[PDB]
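So you know, we letter chains A, B, ... as the sequences are listed, proteins then strands, and number each from 1.
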Amino acid sequence: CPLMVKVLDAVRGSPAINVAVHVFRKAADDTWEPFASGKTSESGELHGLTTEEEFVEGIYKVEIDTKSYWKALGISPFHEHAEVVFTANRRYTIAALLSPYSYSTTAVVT
Amino acid sequence: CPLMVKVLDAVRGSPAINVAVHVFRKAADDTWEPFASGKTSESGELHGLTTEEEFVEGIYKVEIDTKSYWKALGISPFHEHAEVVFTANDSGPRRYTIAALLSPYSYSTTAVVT
Amino acid sequence: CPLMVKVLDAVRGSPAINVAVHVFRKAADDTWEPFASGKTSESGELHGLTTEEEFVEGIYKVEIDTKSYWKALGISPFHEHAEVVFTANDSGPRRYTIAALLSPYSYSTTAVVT
Amino acid sequence: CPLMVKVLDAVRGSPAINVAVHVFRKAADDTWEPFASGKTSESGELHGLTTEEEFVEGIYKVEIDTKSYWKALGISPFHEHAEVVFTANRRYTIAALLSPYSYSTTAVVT
Ligand SMILES: Oc1c(Cl)cc(-c2ccc(Cl)c(Cl)c2)cc1Cl
Ligand SMILES: Oc1c(Cl)cc(-c2ccc(Cl)c(Cl)c2)cc1Cl
């Protein structure tokens with residue numbers, strides 16, 4: 001499992017559950033092609049997005065649908081979504097900590 | 001000054017100087033059109049990107065070139081850039097301050113709206 | 001103005017107004033003695049805590065009363081307060097900006113030193 | 001395991017390993033008494049600090065020796081340490097994300 005996403009809610013102190021995540025890889029024409037997607041689990045995590053075979057060097061985008069998450073809680077958020085763009089050159093954990101008007105993201109590469 | 005960007009360096013405890021910032025607005029055909037650009041000053045701030053008149057309702061993307069910043073300090077960072085995407089002026093003109101706190105493998109962004 | 005505190009609210013995207021701040025300095029007997037205190041203004045800032053003359057070398061603690069802030073908004077937060085502990089003026093007088101970004105279960109603090 | 005600490009390094013994108021952590025409980029005379037301590041493991045985590053029986057309601061302080069961590073990497077840090085003070089009223093994860101001049105802490109309560 002080379003790529004894992006974890007999403008946390010800073011308002012409620014809890015995993016961010018059922019948050020949609022879309023992963024894209026940059027194609028040779030500088031366009032983003034769909035690569036993987038899912039919804040975070042009860043633990044705020046999304047595993048099994050890809051395999052070592054498929055996860056070749058390249059530029060990836062992870063898009064987290066933070067707007068839909070805050071709207072379900074009745075809170076008006078600022079951002080349309082959160083995006084994390086990085087080059088893969090090798091276990092990657094992308095973590096995001098969400099508030100309505102702020103987010104932080106961190107990469108743990110182990 | 002309806003749109004301001006402030007960028008700080010969490011490694012050196014200093015403003016992040018000479019950071020390139022590009023702003024885009026989503027077009028009628030869902031394309032990102034260039035809107036404004038600049039570089040942060042010695043105080044880590046970028047003012048003067050736009051005017052009230054030009055800054056109409058829409059979805060904007062503020063792209064901060066964090067990679068070039070870290071590379072020039074001899075650090076190879078994780079992210080290609082930091083992107084902030086938001087709807088602006090939805091219910092009338094607001095002033096927006098977009099702040100970013102930068103580390104090589106992490107960044108935080110906050111908005112202050114008034 | 002060698003010591004400044006800026007506090008932002010990540011829930012409302014606004015400065016955090018009327019937040020109590022207490023500063024202490026470590027005494028000769030390793031006790032925290034009161035040094036200065038105040039409340040953040042409408043811009044979330046607290047200036048005028050001290051002067052260059054009074055702000056001598058030492059270990060300082062800036063305690064931000066985040067709990068009272070969240071309670072007054074009807075939120076029961078996790079932390080009792082946010083504490084920032086640092087050595088100041090170790091190699092001559094510096095100016096220190098201590099920034100805090102607040103959420104009910106999380107806070108971040110950054111220092112800008114010049 | 002009601003109390004867990006996780007510490008991450010934002011400069012290197014890695015767990016913060018061998019970081020000393022001291023936990024204190026507020027005594028009736030408003031003094032801090034030692035409660036538990038240890039060093040984070042390879043995964044930046046510290047488990048087995050206390051038991052359900054011992055972890056009664058009260059005010060706790062978690063102190064993370066961030067200064068010693070940065071000094072071992074040859075980087076001059078700002079803070080003397082990072083402190084997290086909270087009331088326990090029930091699995092608590094305290095996470096800290098460390099930079100030389102900045103830290104963030106978050107509580108996940110599940
Ligand atoms: O995480 C932070 C922190 Cl702790 C502080 C700021 C910030 C914003 C505005 C100003 Cl004028 C300053 Cl001094 C700091 C931004 C972010 Cl994103
Ligand atoms: O700012 C933070 C903080 Cl304080 C903690 C995390 C984080 C990352 C991984 C795990 Cl397993 C946990 Cl519990 C927290 C992420 C971010 Cl982005």
Does the side chain of C:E80 come within less than 4.5 Å of C:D65's, by heavy atoms?
-> no

Under 4.5 Å to a heavy atom of chain A? For C:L101 that would be side chain

Please step through side chain to side chain donor-acceptor pair (under 3.5 Å) for the pair A:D9 and A:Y69, ending with a clear verdict.
-> CA-CA 10 Å; A:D9 176 334; A:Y69 181 79; 2.5 Å; yes

So, does A:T87 use its side chain to make a donor-acceptor pair with the main chain of A:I59 at under 3.5 Å?
-> no

Chain C contact via A:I75 - side chain, backbone, both or neither, heavy atoms under 4.5 Å | neither

Just how far is it from atom OH of C:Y105 to atom CZ of A:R12, taken to the nearest 0.5 Å?
-> 10.0 Å

Counting heavy-atom pairs under 4.5 Å with chain A, the top scorer among C:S108, C:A10, C:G13, C:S106 is C:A10

